[PDB]
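S.K.: Residue numbers (the authors' numbering), protein chains in the order written: chain A, 20 to 131, 166 to 230, 320 to 364, 653 to 698, 785 to 960; chain B, 2251 to 2635.
Cβ atoms here follow ideal geometry from the backbone N, Cα and C, with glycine treated the same way.
Questions regarding the structure given below will be posed in turn.
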Amino acid sequence: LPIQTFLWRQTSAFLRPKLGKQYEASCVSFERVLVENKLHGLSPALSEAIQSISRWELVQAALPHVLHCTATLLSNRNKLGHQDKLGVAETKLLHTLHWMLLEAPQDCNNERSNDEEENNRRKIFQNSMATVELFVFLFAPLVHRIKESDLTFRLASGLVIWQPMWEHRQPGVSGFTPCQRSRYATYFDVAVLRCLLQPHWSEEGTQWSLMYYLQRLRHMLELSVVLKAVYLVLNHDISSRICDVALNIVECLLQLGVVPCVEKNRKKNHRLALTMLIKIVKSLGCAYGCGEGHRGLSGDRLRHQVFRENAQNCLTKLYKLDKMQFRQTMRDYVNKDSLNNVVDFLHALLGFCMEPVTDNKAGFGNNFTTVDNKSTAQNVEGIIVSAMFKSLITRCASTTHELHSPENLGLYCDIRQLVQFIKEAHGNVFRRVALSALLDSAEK
Amino acid sequence: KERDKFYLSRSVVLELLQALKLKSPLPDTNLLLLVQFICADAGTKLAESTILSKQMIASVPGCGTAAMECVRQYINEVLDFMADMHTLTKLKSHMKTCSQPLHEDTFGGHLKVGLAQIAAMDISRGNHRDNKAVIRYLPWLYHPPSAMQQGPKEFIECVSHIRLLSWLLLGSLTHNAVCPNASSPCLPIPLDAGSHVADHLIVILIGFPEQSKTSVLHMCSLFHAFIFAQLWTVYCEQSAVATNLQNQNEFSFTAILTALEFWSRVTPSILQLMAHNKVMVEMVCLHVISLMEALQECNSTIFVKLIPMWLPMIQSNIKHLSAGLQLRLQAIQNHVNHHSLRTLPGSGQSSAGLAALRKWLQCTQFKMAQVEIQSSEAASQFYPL
């Protein structure tokens, strides 16, 4: 109760729709009791209740309070403007955090050696798995907020915790610590499972998690919940440098060999990667620049390096895994998305608003007999348009009362080229779905 | 013409006001069918009832049928029906003209929520930005009962106030389960008054040493109002990342701050009563264990931010609990440690999460019917005058 009233008063003011004048008067009373154990100036009930518990129990009671204090201060530091030069009170608060996490195992056995110290640190970290759950819950959007210049030299004792927040190696805290034992969940794996769910991410934290994924695959080969955690930071406002390493990590994740084989299970992880690819190619602008998306220098240079040889390379390596269910995935893509985003994605892929600068004899696949060709179907444009045309025609046939009205008039120009492109560059599947009814009722 | 543009939204509601006052000759198969009309105007459906079979409500649409400005003037009989406690034992004392015995107790909850779902729509047009709705009829939300004035008249005022707010929250929770396509943001308890809705429980908290052993309602006041904190948590979950306004993350941040100020205004007096006596550790943490079990059932992101702000303070005197409460506390803590791996939202898990949430909503709404009917019946036993 007494420490749980003092720290409750020092914590409840931060947990408020408005933050008063107590944001500077609270971090003075945090390095008082925790950093150098000064009990003066405060309530004597705290001085009564501190000597009834251990020195570790004060840390165990005070860690989520100042943790929610630091989380509510770093979420407010974006607006007040201390993104490069840190204030004194937040410096003191992060010094309290790096005392009670790093220097508290030092003096916890000094105020009251390899195996006996291991048992002593196990007794220290008995109920630590509920508090390191909150340690990775209240710093995941706040990784790049503390700049290296904003990281003060009063925090130089706590470098060994936060310098692994940019490369994601194994740090020097016991709550973050041979191929089969990597599949056994340690404290580190469950901590990084409890970490990746937050919003408000950017280049440095996502690059931190991606370098962790690179190091973990290098440790493994030399599960869809982490795919959904990557999906939570790959449906947000995506940039160029992050989708670079994201396309490299889907390159490294498709080759694991956990492929859904539909030809070898009949005798007794793919769709989310496809929508990450689709959102990356859509959000990187159109392949000639007309349409929505990121525009500028970073929007233009990643369609001839990263769409062309990191996204299309991923789809060409993905088509060499299965041959059946990609049509179902792209069919579900057609009936999930509206008209203008499909126009943007197929302008990013085919480039249909400009006319086909080819000749008038684009009919090299234009027969029923030549379905065995592997020129454009092994390319990405032909296989994507083959998997979307058989559902987009049923879409526009069920939405006939939406397109032939002139209010889509400029977009009515776009499809005036687009299916024409599927007439020109993709005459194989054009002729195939042109007379697929004979395959539907007369191939019996 | 206006007498005719709202014609059949007026002829039926004159018998609705006298059916909710319990005087019309009408069966429960046809009683909720009249409330179906005022619910069919805004594209909405009511709660799942067991007195209604699966072939009666299979042909009702949700078209705009001119019944939106006919209930904002008859919204005061909704608060008249849900405000007093005595009507729920009067439900099973007038509607006994049917031979269906298994479907009696649960409609004691199904008629309060069948109005409170309707009262979650016209208030929202008053409570979009400025809150002109609740300040005209029941303005006690902005004027809370303070911390140091707790008396018995103030107790029977404030527990009726919080029963009004919890039944309106159940109505909005039924409004966001089967029909979550309303563009009007359902705000019965707005977050700007969230510093005052936390003050509505401080009266029951410190008044609970002195206003408990009068009747059974006084005793389970902590069970009538600590389900309300769970309802506030799931309402903050439904409104924080909601798709009604332009801002999606900072509204979620101030909703998290408002939920944290509510929890840090309701929790230290619970812990004060825990530190007072050790039989109070059983009697109070029965409600604390049941509300965190409902939090495990709902699995809200507000609950995981309060996991280490309760369990190191509660497990410091874990040995002074009762018999079943220790096993329940250890089971909930082991389910937390198991579901620490399972605490991450996605894009398809929330569909089954909300299916479990609406099945749990029907189950604990039947349980609120049982709790309120038992409390009113044994309180009329305690007050046989």
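Considering only their Cβ atoms, is the gap separating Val2621/B from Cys2470/B smaller than 8 angstroms?
M.R.: yes
S.K.: Would you call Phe937/A buried or exposed, if buried means 16 or more other Cβ atoms sit within 10 Å of its Cβ?
M.R.: buried
S.K.: When you compare the CB of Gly2596/B with every CB in chain A, is at least one pair closer than 8 angstroms?
M.R.: With 8 angstroms as the cut-off, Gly2596/B counts as an interface residue toward chain A.
S.K.: Which residues in chain B sit within 8 angstroms of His342/A, going by Cβ to Cβ distance?
M.R.: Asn2499
S.K.: Leaving out five residues on either side along the sequence, give the residues of the same chain with a beta carbon under 6 angstroms from the beta carbon of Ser2259/B.
M.R.: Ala2316, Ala2317 and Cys2320
S.K.: Roughly how far, in whole angstroms, is the beta-carbon of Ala2427/B from the beta-carbon of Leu2604/B, given that I think they are within contact range, below 8 angstroms?
M.R.: 7 angstroms
S.K.: Return the chain-ordered list of same chain residues with a C-beta closer than 6 angstroms to the C-beta of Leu934/A, the five sequence neighbours on each side being excluded.
M.R.: Taken in chain order, the residues that qualify are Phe868.
S.K.: Which whole runs of the alpha helix (DSSP H) in the stretch 2255 to 2287 of chain B are 4 residues long or more, in chain order?
M.R.: 2263 to 2269
S.K.: Inspect the CB distances between the stretch 811 to 826 of chain A and the stretch 870 to 882 of chain A and report whether three or more fall short of 8 angstroms.
M.R.: no
S.K.: Could you please give the first and the last residue of the uninterrupted alpha helix (DSSP H) stretch that includes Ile2456/B?
M.R.: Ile2452 to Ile2456
S.K.: With a threshold of 8 angstroms between beta-carbons, can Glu2511/B be considered close to chain A, or not?
M.R.: It does; some Cβ of chain A falls within 8 angstroms.
S.K.: In chain order, which alpha helix (DSSP H) runs of at least 4 residues are fully inside the stretch 2380 to 2429 of chain B?
M.R.: 2384 to 2387 and 2402 to 2425
S.K.: Please list, in chain order, the chain A residues whose beta carbon lies closer than 8 angstroms to that of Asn2587/B.
M.R.: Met182 and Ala183
S.K.: In angstroms with no decimal places, state the Cα-to-Cα distance between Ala2290/B and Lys2273/B.
M.R.: 24 angstroms
S.K.: Given that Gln23/A touches chain B, what residues does it touch there, using C-beta distances under 7 angstroms?
M.R.: Close to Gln23/A, with beta-carbon spacing below 7 angstroms, are these residues of chain B in chain order: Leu2521 and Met2563.
S.K.: Which residues in the same chain as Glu2354/B place their Cβ atom closer than 7 angstroms to its Cβ, once the five residues preceding and following it in sequence are excluded?
M.R.: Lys2342
S.K.: Just the Cα atoms here: how many angstroms apart are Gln2522/B and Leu2282/B?
M.R.: 45 angstroms
S.K.: Between the stretch 46 to 71 of chain A and chain B, which residues of the former have a C-beta closer than 8 angstroms to a C-beta of the latter?
M.R.: Answer in chain order: no residues at all.
S.K.: For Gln70/A, name the three-state secondary structure that DSSP assigns.
M.R.: coil
S.K.: For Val660/A, does the count of other Cβ atoms within 10 angstroms reach 16, so buried, or fall short, so exposed?
M.R.: buried
S.K.: Considering only the beta carbon of each residue, do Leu2451/B and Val2516/B sit closer than 8 angstroms?
M.R.: yes
S.K.: Alpha carbon to alpha carbon, how far is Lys98/A from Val2529/B? Give it in angstroms, no decimals.
M.R.: Answer to the nearest angstrom: the Cα atoms are 48 angstroms apart.
S.K.: Kindly indicate which three-state DSSP category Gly926/A falls into: helix, strand or coil?
M.R.: helix
S.K.: If we ignore side chains and look at the alpha-carbon of each, how far apart do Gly807/A and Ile794/A end up?
M.R.: 15 angstroms
S.K.: Does the stretch 202 to 212 of chain A come within contact of the stretch 102 to 112 of chain A, defined as at least 3 CB pairs closer than 8 angstroms?
M.R.: yes
S.K.: Leaving out five residues before and five after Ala2619/B in sequence, what residues of the same chain have Cβ atoms less than 7 angstroms from its Cβ?
M.R.: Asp2355, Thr2356, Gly2358 and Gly2359
S.K.: Which residues in chain B have a C-beta closer than 9 angstroms to the C-beta of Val655/A? List them in chain order.
M.R.: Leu2591, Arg2592, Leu2594 and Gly2596
S.K.: Once the 5 residues before and after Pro83/A are set aside, which same chain residues still bring their CB inside 6 angstroms of it?
M.R.: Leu187
S.K.: Would you call the stretch 2608 to 2617 of chain B and the stretch 678 to 686 of chain A touching, i.e. three or more CB-CB distances under 8 angstroms?
M.R.: Touching, no.
S.K.: Under 9 angstroms between beta-carbons, which chain B residues line up against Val332/A? List them in chain order, please.
M.R.: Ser2590 and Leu2591
S.K.: From which residue to which residue does the alpha helix (DSSP H) around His2570/B run?
M.R.: In the DSSP assignment, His2570/B falls outside any alpha helix (DSSP H) and carries neither an H nor an E.
S.K.: Three or more C-beta pairs closer than 8 angstroms, one from the stretch 2393 to 2411 of chain B and one from the stretch 2358 to 2373 of chain B: is that the case here?
M.R.: no
S.K.: Short of 9 angstroms Cβ to Cβ, which residues in the stretch 2522 to 2537 of chain B face chain A?
M.R.: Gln2522, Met2524 and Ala2525
S.K.: Do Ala80/A and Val185/A have their C-beta atoms closer together than 8 angstroms?
M.R.: In terms of Cβ geometry, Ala80/A and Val185/A do not form a close pair [threshold 8 angstroms].
S.K.: For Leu834/A, which residues of its own chain have a beta-carbon under 7 angstroms away from its beta-carbon, when the five flanking residues on both sides are left out?
M.R.: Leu684
S.K.: Using a Cβ-Cβ cut-off of 6 angstroms (strictly less than) and excluding sequence neighbours within five positions of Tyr329/A, which residues of its own chain qualify?
M.R.: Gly228
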